[PDB]
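A.B. asks: Before I ask anything, let me first share the structure, which is written out below as structure tokens.
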Amino acid sequence: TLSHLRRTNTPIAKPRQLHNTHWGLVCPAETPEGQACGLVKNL
Amino acid sequence: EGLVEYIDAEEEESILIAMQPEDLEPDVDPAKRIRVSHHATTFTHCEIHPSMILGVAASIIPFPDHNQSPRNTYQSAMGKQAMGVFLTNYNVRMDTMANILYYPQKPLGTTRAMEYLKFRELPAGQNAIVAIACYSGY
Amino acid sequence: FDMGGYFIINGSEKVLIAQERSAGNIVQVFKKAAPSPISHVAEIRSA
Amino acid sequence: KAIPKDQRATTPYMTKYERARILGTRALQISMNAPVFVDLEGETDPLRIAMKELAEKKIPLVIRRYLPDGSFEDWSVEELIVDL
Amino acid sequence: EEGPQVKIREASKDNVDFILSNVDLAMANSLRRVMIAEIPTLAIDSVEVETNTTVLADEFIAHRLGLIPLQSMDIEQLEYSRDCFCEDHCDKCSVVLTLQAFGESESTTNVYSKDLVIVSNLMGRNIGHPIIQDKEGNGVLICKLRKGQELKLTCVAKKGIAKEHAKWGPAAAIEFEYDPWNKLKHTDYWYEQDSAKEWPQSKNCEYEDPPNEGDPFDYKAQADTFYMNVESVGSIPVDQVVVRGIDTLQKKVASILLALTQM
Amino acid sequence: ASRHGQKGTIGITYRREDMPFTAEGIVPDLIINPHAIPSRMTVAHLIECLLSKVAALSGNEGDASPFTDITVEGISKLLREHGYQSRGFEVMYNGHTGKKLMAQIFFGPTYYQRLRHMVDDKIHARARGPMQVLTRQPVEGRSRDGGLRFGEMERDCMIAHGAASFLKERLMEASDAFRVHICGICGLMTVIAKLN
Amino acid sequence: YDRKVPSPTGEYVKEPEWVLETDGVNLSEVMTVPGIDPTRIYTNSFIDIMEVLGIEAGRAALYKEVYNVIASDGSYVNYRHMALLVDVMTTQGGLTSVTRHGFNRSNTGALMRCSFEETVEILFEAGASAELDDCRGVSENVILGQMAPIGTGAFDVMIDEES
Amino acid sequence: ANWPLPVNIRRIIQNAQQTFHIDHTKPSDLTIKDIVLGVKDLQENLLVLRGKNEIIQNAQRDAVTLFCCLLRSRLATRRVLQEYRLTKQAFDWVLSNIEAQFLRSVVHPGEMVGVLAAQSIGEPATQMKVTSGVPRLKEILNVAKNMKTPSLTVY
Amino acid sequence: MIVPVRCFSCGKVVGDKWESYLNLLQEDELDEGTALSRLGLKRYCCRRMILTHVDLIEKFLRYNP
Amino acid sequence: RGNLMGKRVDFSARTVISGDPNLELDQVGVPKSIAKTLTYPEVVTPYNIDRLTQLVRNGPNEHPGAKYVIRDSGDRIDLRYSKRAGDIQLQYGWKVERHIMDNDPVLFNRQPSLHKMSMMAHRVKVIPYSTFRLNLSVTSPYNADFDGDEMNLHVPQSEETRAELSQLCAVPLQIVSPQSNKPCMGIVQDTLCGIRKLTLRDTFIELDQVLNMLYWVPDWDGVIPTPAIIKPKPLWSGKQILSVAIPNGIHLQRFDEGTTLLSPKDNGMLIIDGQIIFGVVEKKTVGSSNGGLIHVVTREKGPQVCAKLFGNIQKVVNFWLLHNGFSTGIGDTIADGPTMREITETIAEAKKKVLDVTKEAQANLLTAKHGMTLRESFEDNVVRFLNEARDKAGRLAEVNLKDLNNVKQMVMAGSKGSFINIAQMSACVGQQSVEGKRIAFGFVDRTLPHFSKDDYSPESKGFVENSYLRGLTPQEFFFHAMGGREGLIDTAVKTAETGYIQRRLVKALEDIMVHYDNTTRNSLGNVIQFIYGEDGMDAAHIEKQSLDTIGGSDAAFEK
Amino acid sequence: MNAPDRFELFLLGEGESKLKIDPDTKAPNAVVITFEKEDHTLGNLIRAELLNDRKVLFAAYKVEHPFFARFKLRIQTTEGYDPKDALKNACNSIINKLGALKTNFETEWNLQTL
Amino acid sequence: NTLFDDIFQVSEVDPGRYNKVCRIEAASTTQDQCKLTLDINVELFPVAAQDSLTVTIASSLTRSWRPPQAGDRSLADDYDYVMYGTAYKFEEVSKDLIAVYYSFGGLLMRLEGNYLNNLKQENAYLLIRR
RNA sequence: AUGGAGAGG
Ligand SMILES: [Mg+2]
Ligand SMILES: [Zn+2]
Ligand SMILES: [Zn+2]
Ligand SMILES: [Zn+2]
């Protein structure tokens with residue numbers, strides 16, 4: 001529940017890669033696997 | 001009182017963040033990890049705690065810095081599939097499907113982040129006496 | 001322990017997922033491809 | 001037209017597909033209680049009976065091997081060599 | 001006597017620590033296995049719930065009800081429900097005990113195992129009574145009731161084997177160790193530097209003689225001296241646990257022999 | 001699954017007799033294979049096992065926080081202070097025979113979590129059942145008592161094997177099969193087959 | 001590059017030569033340069049080999065490249081398979097791609113080509129050109145729900161009175 | 001030297017000096033004609049194609065050329081008589097067994113080897129300074145006009 | 001939920017030791033270790049059964065129904 | 001594509017899979033409920049009228065039973081509802097839909113079906129519990145573990161098609177694959193580590209255990225082999241008792257490194273007449289290699305004998321390992337003190353070298369390599385130095401490990417493990433990389449806000465000194481997270497593109513086969529190859545042999 | 001769901017006998033006996049007590065599958081010695097040893113305190 | 001009967017990463033053209049350096065291995081360390097130097113002599129005393 | 001049935 005209440009979606013160069021600016025803002029590990037990997041992120 | 005600031009990435013672009021509050025002060029144990037000496041001086045901000053870079057599901061992982069990152073990812077994706085007490089009022093709610101563990105237990109190896117996630121109060125699993133061994137081959 | 005932050009529609013608990021987008025009113029210059037006639041494009045999304 | 005019994009260039013050995021086909025068809029015949037041409041000797045499974053009936057070459061079937069041009073060569077099960 | 005020997009080192013109502021002398025490994029291990037599982041015990045097998053307005057679910061309570069340690073002293077003069085010619089269950093195979101509880105005070109009204117009331121006829125047989133090793137005298141905590149919560153049910157206990165379900169377990173954990181000096185070399189010790197300094201020293205090393213470096217490996221040696229510690233749950237006394245174990249193993253061996261006589 | 005991405009299903013269940021046991025008489029609630037360790041490099045599994053063991057013995061709460069100076073050496077020392085092997089190994093006995101095991105076993109408490117997926121909610125079997133109304137093929141879904149899709153890749157496999165008759169059976173007798181009448185002139189399904 | 005070369009005494013001995021690697025490709029003019037061996041010159045671009053040296057050289061180069069890709073991961077596939085792929089890619093006369101633009105423009109059955117990529121338009125143009133279907137294709141008999149003339153179904157079974 | 005060839009010969013040879021229990025201190029009961037003409041007639045029965053016209057025969061010899069090279073290399077008179085010392089019966093058994101295994105190693109007509117090849121190439125691709133691996137394979141199969149890393153190897 | 005009646009691993013009764021555990025904790029002001037030691041929980045599995053457990057029935061009894 | 005090229009079928013099932021060391025290779029563990037559900041039509045014959053009558057008499061719910069009874073007219077008798085489910089006189093010609101029983105041929109399959117080994121015919125063995133059970137030596141061509149994997153099972157409906165499965169899609173036939181001209185099945189996991197731990201020269205087994213292992217073999221002749229040790233204690237060896245599983249007439253020979261018919265390191269592999277002479281048996285032998293034992297046994301004794309061999313080896317090895325024991329802890333990831341010191345100073349001199357090269361490049365004294373930038377040459381040098389550092393520390397950690405090290409044992413056995421695992425768990429996990437390059441500058445002239453601008457130092461650009469044992473730092477953890485992220489992404493992209501490409505390849509080479517003239521053609525009769533494989537041989541019956549005519553001097557050749 | 005009953009581990013089924021004595025066709029003068037509803041607890045003990053007899057050539061037991069509570073026991077004795085007699089002698093030896101052990105433990109327990 | 005008999009002088013002992021089996025290297029005290037390499041179970045029969053062991057090769061003292069009964073049947077040894085193996089290779093160094101290779105369940109053995117009745121046979125009883 | 005979300009290898 002906690003995880004689903006803090007989720008980020010992204011529609012559509014490398015938006016899937018964990019960018020450096022994600023430090024302290026987005027969780028590096030928590031992300032769906034298979035399809036929407038990197039697109040769907042958690043705070 | 002001007003003790004803590006709110007910094008976004010755009011403003012984060014122009015600051016120097018200290019990883020630990022002990023990196024402001026100016027023979028060793030071989031067991032501990034090798035950490036780089038602070039070659040920086042003009043610090044403007046200091047990190048609250050490096051364990052805050054993780055998320056809610058990833059904060060349940062014991063020693064995440066001792067694992068391979070995709071394994072931490074897998075655990076972060078499988079922690080949402082574990083059974084336990086999701087709500088205290090589970091007996092008065094009419095959910096389509098709900099699973100509640102018979103005897104939930106707070107892990108023997110916890111995280112200081114679990115305190116704020118209320119995981120020790122509402123755990124999702126049990127401490128099982130595990131054995132790493134080749135037995136019957138099953 | 002319920003933290004809230006969700007809605008209730010027809011008895012179903014709904015959650016609005018944050019939608020990521022590009023920040024408007026920001027000037028960005030992009031290098032165009034080689035087969036393209038234009039070499040650089042400075043664009044800005046006005047909101 | 002056809003191809004004479006002589007000058008047949010196809011493999012004298014029975015292919016695995018031909019063997020599986022013959023055994024399958026014969027087992028189908030036995031499954032529908034067809035006259036057995038060999039001593040059962042306890043065997044009741046139509047496939048196994050078909051195999052034992054193949055080892056004794058007591059199978060009255062024939063194989064029409066098609067050539068890509070349209071021609072075809074006939075090979076009786078009794079004539080084909082089963083080395084598999 | 002004439003064969004195997006026992007040397008009791010410690011003894012209590014809950015534990016027995018002893019040394020088994022002149023025995024084969026298979027016999028000792030089999031004795032352990034029998035003591036763990038194949039000992040007959042009495043425990044709640046049936047639960048008839050009338051009114052259940054507490055927090056816990058029905059079978060959730062029935063579970064811990066079944067796990068409750070009951071008296072199994074005279075369990076041998078009781079009979080299996082599958083052997084008795086009675087319909088369902090009777091007094092010659094099962095022990096019926098009721099459970100009635102209700103919140104009265106404003107405070108949380110606890111429900112223990114002391115509230116279990118034997119209803120069926122015991123006819124002299126010491127059986128059915130829930131074991132209470134508790135200091136206050138309460139025993140196994142069943143559940144907790146609020147102010148207006150009620151729990152009314154009826155338990156039927158039957159004779160069973162721990163091999164069928166762990167609730168019929170007469171013993172907890174049985175300590176077992178042979179050859180504390182590894183003089184038989186049944187174990188290749190893992191190490192980083194020193195195999196002796198890293199691995200702790202067992203208590204049972206005081207009863208045997210330390211190996212001499214001037215002596216070669218004794219290849220003709222076998223496992224004779226064993227060290228055991230049997231712990232009882234409370235249902236059956238420790239000495240009676242190991243005795244019923246021995247008698248059980250002996251009895252099933254005698255049953256196989258009987259089958260040999262039959263064929 | 002554990003807490004380090006080490007997931008897996010139950011292979012079999014053994015009673016406390018058949019289970020391997022330590023000298024203390026303690027039997028493992030769970031047995032995992034060592035092969036699921038080196039290829040995945042989940043050291044923190046072993047570390048959290050050691051820490052959970054020490055925290056179990058000392059009765060304290062093991063701190064498994066991310067970036068701390070708590071090392072395996074300190075935990076090993078704390079474990080040795082309780083009279084156990086500092087590296088978590090325990091000499092166990094084979095439950096079937098009672099004989100010692102040559103190699104010692106990494107033995108200790110580890111927080112496992114029963115996941116969502118269960119066999120009785122996954123198992124499915126259909127010899128024959130309800131068809132669709134448009135294609136007259138077996139419906140979709142376990143909850144609808146449907147059949148499994150014999151995908152194109154499976155067809156390719158059966159082609160590779162050479163089992164033509166089987167491929168025909170799966171695509172006729174197994175799924176849909178229709179008897180149609182065709183005109184000998186135009187060659188279409190115009191025929192008004194008045195049977196009987 | 002190191003190289004195994006037959007010694008005048010007999011045995012193969014390592015003889016190291018100098019080889020010029022190159023970013024940039026124009027085989028049509030590099031091989032004609034005086035100074036290097038114009039019989040051993042090679043490019044990773046088989047599309048240039050097909051233009052300069054011929055269709056067979058393009059075949060060998062294609063197989064070489066595919067095999068290099070497969071073996072790059074340490075894997076190993078037998079010769080006949082990759083050779084079959086390359087051959088089916090080179091039997092038309094040129095380099096036929098493995099897409100809708102390549103082999104899907106062949107003179108095979110309509111049902112076969114309609115079971116891949118462009119389905120509707122293929123059926124349309126086939127219905128317009130009035131094409132006859134051989135019905136000896138796999139996917140075609142698959143659609144027809146018949147025992148395809150493949151493997152076990154490659155032949156027919158009859159009966160001859162020998163009893 | 002190491003190459004994939006249909007019939008194994010070494011395992012047959014070492015199976016001949018075991019099934020007959022031959023001693024390495026006893027003269028072979030063979031003749032030069034036996035070995036030479038025997039092997040030379042052995043290559044006659046190694047049939048892949050079975051036509052009677054010249055073309056099919058040429059394709060035949062061309063198809064069994066390499067295995068014939070291996071056969072001659074392994075069944076040389078010097079090697080046969082000295083390296084392992086084979087008797088008459090053992091040699092004949094070797095010949096017959098080699099012929100048999102050769103006739104077994106022939107591809108069976110009807111073998112859908114197209115799909116088999118496609119699978120044999122597609123399957124390892126799942127387990128995957130120029131461009132290599134999956135993208136390069138994609139370039140190859142698509143026959144790309146522009147490849148990401150064109151190279152010129154000049155000797 | 002509520003304190004488990006018996007230990008999972010071995011099978012030792014630990015249901016009558018919960019309130020005694022709490023009393024050994026808050027009344028005598030001892031740590032968890034000594035508290036679990038005095039209750040006769042020598043094996044760390046039985047010790048785990050109480051140390052690891054969380055009594056959730058108290059939060060459950062807060063509701064009126 | 002959805003209804004014609006691949007449509008949903010009846011007589012099928014799907015369940016979670018699991019392993020079973022006591023099942024044969026060509027067997028499958030089918031749950032009882034699935035056995036009652038799935039059915040097969042069997043025509044009433046004088047050979048099986050009794051058994052069929054009994055099956056009908058049992059009806060549904062009870063296995064072995066039947067579901068429906070088809071008469072002459074075609075009427076379907078539902079046994080679970082019929083008033084006459086107790087009195088049925090089976091006439092000849094009637095069909096009886098009975099439950100799936102033992103030794104029945106079914107098609108086992110797991111998606112994605114990449115090759116023909118993904119679909120293989122198995123024999124049914126009805127077992128309790130709701131899990132599909134399979135052998136541990138069939139898990140490799142199916143490519144499956146037991147982390148919740150599900151597999152599909154199809155059931156044939158006629159005699160010719162079950163014959164088609166039993167004679168073509170049979171597992172023992174699919175041992176040697178026509179893909180890499182090698183067996184695609186072998187001994188793995190506990191059986192491999194165990195067969196490694198057993199064939200050691202220090203491994204001696206006494207009388208009783210030897211007798212048990214001997215009886216564990218179904219093909220055991222009942223003859224006690226004379227022990228390698230007569231006095232003082234009658235002892236056997238692992239090799240000696242393992243030879244019981246190996247059939248007679250099996251000759252295996254393999255020389256590796258310093259194998260001189262005596263093997264001081266007990267390497268190589270010599271087995272004579274079904275009896276192993278010397279050498280430790282592991283992945284190079286009992287594995288799925290080209291010249292492996294499995295390939296030899298299969299091509300010599302046959303497929304059935306080879307599968308039975310899988311059975312025997314698995315049973316024996318698993319039995320010995322069961323009463324021996326094997327584990328793995330953190331202790332097998334810890335190196336010695338001075339070793340860790342040498343590793344640390346190795347990383348130190350590495351970073352020192354990187355510092356020297358950096359200061360050199362910043363002094364504009366660096367000379368660019370021909371065909372690349374100064375910066376590119378710099379990055380290349382640094383990356384190469386860090387890689388050499390990770391390899392140096394890794395080998396330094398591997399040498400320190402003992403033979404009793406469990407992880408090192410699993411590496412030697414070939415069960416599961418490699419050098420890099422040891423290197424990262426104990427020594428150093430090394431440099432992280434994204435898109436071929438080290439951690440770039442997400443921020444302006446820097447990778448993280450914790451660093452200063454223009455910091456091309458290794459620890460900044462994504463080098464991790466610490467191992468998994470010591471624990472990573474925040475920066476190192478984030479960089480490693482980036483690397484792993486890219487890993488997962490490019491993995492998904494990889495399997496997607498590979499899927500589509502595989503489909504394309506399949507649809508391209510679909511209608512290609514070999515006719516009765518060894519001519520590889522298509523549907524148009526167009527010749528692809530005049531002779532298949534340019535030789536006319538099947539890829540299955542082909543082994544890599546040495547042409548000893550091409551090598552050696554002319555003098556040795558003439559000699 | 002598909003899980004078998006628990007009593008199937010110690011309660012014999014319909015028509016199932018306790019022992020199934022079959023002539024071993026491998027080596028002469030041998031026997032394979034199928035024990036039903038019994039596990040390692042009995043098999044290991046019997047097998048261990050069959051090796052004490054010096055007139056017994058072979059003695060081994062095995063559980064072909066942990067799912068089913070049953071095990072096979074192969075015994076081979078010298079010529080003139082029926083293996084069933086060896087089995088019975090071993091069993092009686094077990095019984096005697098267990099009885100003596102029980103007596104000893106009782107006499108020991110009758111001297112303890114607390 | 002007996003196939004070979006000689007007295008050797010242990011010149012080297014090597015525990016190659018083992019702890020139960022050590023490879024021995026000895027030479028004949030009679031023939032200056034004879035040598036022997038032999039894997040030995042030290043855990044049973046310890047072989048120190050500079051020892052003079054008595055070595056013998058026999059063919060007897062197939063059927064299944066019956067129980068010992070050494071004090072009842074014909075043991076025909078009274079040695080200290082007896083093994084059973086199988087010859088697998090007959091190597092000829094020179095015309096005056098012939099070496100044989102025995103395999104005792106993995107414990108290999110290389111015996112180099114000159115003058116032999118050691119034929120390729122399963123019979124290989126190696127008896128060592130003192 | 002259409003459409004959509006999430007999850008499993
Ligand atoms: Mg998986
Ligand atoms: Zn009764
Ligand atoms: Zn018409
Ligand atoms: Zn416990």
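Labeling convention for the structure tokens: chains A, B, ... as they appear, residues from 1 per chain, ligands from 1 in order of appearance.
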Please, which residues of chain D, numbered as in this document, come out strand (DSSP E) from DSSP, as a list in words?
C.D. replies: residues 61, 62, 63, 64, 65, 66, 72, 73, 74, 75 and 76 of chain D
A.B. asks: Which residues of chain F are close to chain D, meaning at most 10 Å apart when you count only C-alpha atoms, and how do they look as a count of residues only?
C.D. replies: 5
A.B. asks: Residues of chain E within 12 Å of ligand 4: nearest atom pair and distance (Å, one decimal) for each, counting only C-alpha atoms and all ligand atoms, sorted by chain and number, as a Markdown table?
C.D. replies:
```
| residue | atom | partner | partner_atom_place_in_ligand_line | distance |
| --- | --- | --- | --- | --- |
| E:171 | CA | ligand 4 | 1 (Zn) | 11.1 |
| E:172 | CA | ligand 4 | 1 (Zn) | 7.3 |
| E:173 | CA | ligand 4 | 1 (Zn) | 7.1 |
| E:174 | CA | ligand 4 | 1 (Zn) | 10.7 |
| E:231 | CA | ligand 4 | 1 (Zn) | 11.2 |
| E:233 | CA | ligand 4 | 1 (Zn) | 11.3 |
```
A.B. asks: Let me see if you get this right: every residue at most 8 Å from ligand 1, counting only C-alpha atoms (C1' of nucleotides) and all ligand atoms, written as a PyMOL selection string.
C.D. replies: (chain J and resi 144-149) or (chain M and resi 9)
A.B. asks: If you count only C-alpha atoms (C1' of nucleotides) and all ligand atoms, which residues end up within 8 Å of ligand 2, as a count of residues only?
C.D. replies: 16
A.B. asks: With only C-alpha atoms (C1' of nucleotides) and all ligand atoms counted, collect every polymer residue having an atom within 12 Å of ligand 3; state the result as a list in words.
C.D. replies: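 Taking only C-alpha atoms (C1' of nucleotides) and all ligand atoms into account, the residues around ligand 3 at most 12 Å away are residues 181, 182, 183, 184, 185, 186, 187, 188, 189, 190, 191, 192 and 193 of chain F.
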A.B. asks: With a cut-off of 8 Å and counting only C-alpha atoms, select all residues of chain E in contact with chain I and give the selection as JSON, numbers by chain.
C.D. replies: {"E": [55, 56, 64, 67, 68, 134, 138, 139, 140, 141, 142, 143, 144, 145, 146, 166, 169, 171, 172, 173, 233]}
A.B. asks: Per residue of chain K within 6 Å of chain E, which atom pair is closest and at what distance in Å (one decimal), using only C-alpha atoms, listed by chain and increasing number, as JSON lines?
C.D. replies:
```
{"residue": "K:6", "atom": "CA", "partner": "E:164", "partner_atom": "CA", "distance": 5.2}
{"residue": "K:41", "atom": "CA", "partner": "E:30", "partner_atom": "CA", "distance": 4.7}
{"residue": "K:44", "atom": "CA", "partner": "E:26", "partner_atom": "CA", "distance": 5.9}
{"residue": "K:45", "atom": "CA", "partner": "E:26", "partner_atom": "CA", "distance": 4.9}
{"residue": "K:95", "atom": "CA", "partner": "E:250", "partner_atom": "CA", "distance": 5.4}
{"residue": "K:101", "atom": "CA", "partner": "E:4", "partner_atom": "CA", "distance": 5.5}
{"residue": "K:105", "atom": "CA", "partner": "E:6", "partner_atom": "CA", "distance": 5.7}
{"residue": "K:114", "atom": "CA", "partner": "E:12", "partner_atom": "CA", "distance": 5.0}
```
A.B. asks: Please identify every residue of chain A that has at least one atom no farther than 9 Å from an atom of chain B, counting only C-alpha atoms, and for each give the shortest atom pair and the distance in Å to one decimal, arranged by chain then increasing number, as a Markdown table.
C.D. replies:
```
| residue | atom | partner | partner_atom | distance |
| --- | --- | --- | --- | --- |
| A:1 | CA | B:86 | CA | 7.9 |
| A:2 | CA | B:56 | CA | 6.9 |
| A:3 | CA | B:56 | CA | 6.0 |
| A:6 | CA | B:56 | CA | 8.6 |
| A:21 | CA | B:9 | CA | 6.1 |
| A:22 | CA | B:9 | CA | 8.1 |
| A:23 | CA | B:53 | CA | 6.3 |
| A:24 | CA | B:53 | CA | 4.3 |
| A:25 | CA | B:53 | CA | 6.8 |
| A:26 | CA | B:53 | CA | 6.9 |
| A:27 | CA | B:54 | CA | 4.6 |
| A:28 | CA | B:54 | CA | 6.6 |
| A:29 | CA | B:73 | CA | 4.5 |
| A:30 | CA | B:76 | CA | 5.1 |
| A:31 | CA | B:73 | CA | 6.6 |
| A:32 | CA | B:77 | CA | 6.5 |
| A:33 | CA | B:77 | CA | 7.9 |
| A:42 | CA | B:55 | CA | 6.5 |
| A:43 | CA | B:55 | CA | 6.1 |
```
A.B. asks: Counting only C-alpha atoms, what are the residues of chain B within 12 Å of chain E, and for each of them which pair of atoms is the nearest and at what distance in Å, to one decimal? Sort the table by chain and rising number, as a tab-separated table.
C.D. replies:
```
residue	atom	partner	partner_atom	distance
B:88	CA	E:55	CA	10.9
B:89	CA	E:55	CA	10.4
B:90	CA	E:55	CA	10.4
B:91	CA	E:55	CA	8.0
B:92	CA	E:55	CA	10.6
B:100	CA	E:57	CA	11.2
B:101	CA	E:60	CA	10.9
B:102	CA	E:60	CA	7.8
B:103	CA	E:60	CA	10.2
```
A.B. asks: So that I have them on file, write out the residues from the current selection with C-alpha atoms, as a PDB file, in the first residue's frame.
C.D. replies:
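Listing of again.pdb after writing:
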```
ATOM      1  CA  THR B  88      -5.721  -3.773  11.542  1.00  0.00           C
ATOM      2  CA  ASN B  89      -9.397  -3.469  10.591  1.00  0.00           C
ATOM      3  CA  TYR B  90      -9.152  -6.401   8.173  1.00  0.00           C
ATOM      4  CA  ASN B  91     -12.086  -8.066   9.923  1.00  0.00           C
ATOM      5  CA  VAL B  92     -14.563  -5.290   9.104  1.00  0.00           C
ATOM      6  CA  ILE B 100      -3.485 -12.387   6.567  1.00  0.00           C
ATOM      7  CA  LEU B 101      -0.539 -14.352   7.963  1.00  0.00           C
ATOM      8  CA  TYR B 102      -1.335 -16.630  10.919  1.00  0.00           C
ATOM      9  CA  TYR B 103       1.585 -15.544  13.097  1.00  0.00           C
TER      10      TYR B 103
END
```
A.B. asks: Of the candidates H:53, H:18, H:142, H:127, which shows the shortest atom-to-atom distance to chain L, using only C-alpha atoms?
C.D. replies: H:18
A.B. asks: CA of residue 59 in chain F and CA of residue 51 in chain I, how far apart in Å?
C.D. replies: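 These atoms are spaced 6.8 Å apart.
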A.B. asks: Residues within 12 Å of residue 67 in chain H, please, as a ChimeraX atom specification. Count only C-alpha atoms (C1' of nucleotides); anything in the same chain fewer than 6 positions from it doesn't count.
C.D. replies: /H:3-9,42-43,46-48,60-61,73-75,98-99,102,105 /J:535-537,542-547
A.B. asks: Please list as a list in words every residue within 12 Å of residue 105 in chain G, counting only C-alpha atoms (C1' of nucleotides) and excluding residues in the same chain fewer than 3 positions away.
C.D. replies: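 Surrounding residues, per the criterion: residues 92, 96, 97, 98, 99, 100, 101, 102, 108, 109, 110, 112, 113, 114, 116, 117, 118, 122, 125 and 126 of chain G; 508 of chain J.
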A.B. asks: Please list as a PDB file with C-alpha atoms, in the first residue's frame every residue within 10 Å of residue 44 in chain B, counting only C-alpha atoms (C1' of nucleotides) and excluding residues in the same chain fewer than 5 positions away.
C.D. replies:
```pdb
ATOM      1  CA  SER B  14      25.098  24.142  -7.629  1.00  0.00           C
ATOM      2  CA  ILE B  15      25.916  22.805  -4.153  1.00  0.00           C
ATOM      3  CA  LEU B  16      28.469  20.577  -2.422  1.00  0.00           C
ATOM      4  CA  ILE B  17      26.817  17.884  -0.301  1.00  0.00           C
ATOM      5  CA  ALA B  18      28.644  16.109   2.518  1.00  0.00           C
TER       6      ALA B  18
END
```
A.B. asks: Enumerate as a list in words all residues of chain I assigned to helix (DSSP H, G or I) by DSSP on the backbone, naming them with the chain letters and numbers the document uses.
C.D. replies: residues 18, 19, 20, 21, 22, 23, 24, 25, 26, 27, 32, 33, 34, 35, 36, 37, 38, 44, 45, 46, 47, 48, 49, 50, 51, 57, 58, 59 and 60 of chain I
A.B. asks: Based on the selection just made, write C-alpha atoms of those residues as a CSV table (one decimal), in the first residue's frame.
C.D. replies:
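Wrote result32.csv, looks like this:
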```
chain,number,residue,atom,x,y,z
I,18,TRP,CA,4.1,-14.3,27.2
I,19,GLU,CA,2.6,-12.5,30.2
I,20,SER,CA,5.6,-13.8,32.2
I,21,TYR,CA,7.9,-12.3,29.6
I,22,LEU,CA,6.2,-8.9,29.7
I,23,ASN,CA,6.4,-9.0,33.5
I,24,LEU,CA,10.1,-9.9,33.4
I,25,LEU,CA,10.5,-7.0,31.0
I,26,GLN,CA,8.6,-4.0,32.5
I,27,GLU,CA,8.2,-5.0,36.2
I,32,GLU,CA,14.9,-9.3,26.5
I,33,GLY,CA,17.8,-11.7,26.7
I,34,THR,CA,17.7,-12.3,30.5
I,35,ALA,CA,13.9,-12.4,30.3
I,36,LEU,CA,13.9,-15.1,27.7
I,37,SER,CA,16.7,-16.9,29.6
I,38,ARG,CA,14.7,-17.1,32.9
I,44,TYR,CA,17.3,-19.7,20.0
I,45,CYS,CA,14.4,-21.1,18.1
I,46,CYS,CA,12.1,-21.1,21.1
I,47,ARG,CA,13.7,-17.9,22.1
I,48,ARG,CA,12.9,-16.6,18.6
I,49,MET,CA,9.3,-17.6,19.0
I,50,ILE,CA,8.8,-15.1,21.7
I,51,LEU,CA,11.4,-12.4,20.8
I,57,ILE,CA,-4.6,-8.9,19.2
I,58,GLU,CA,-4.3,-5.8,21.5
I,59,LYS,CA,-4.9,-3.5,18.5
I,60,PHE,CA,-7.6,-5.8,17.3
```
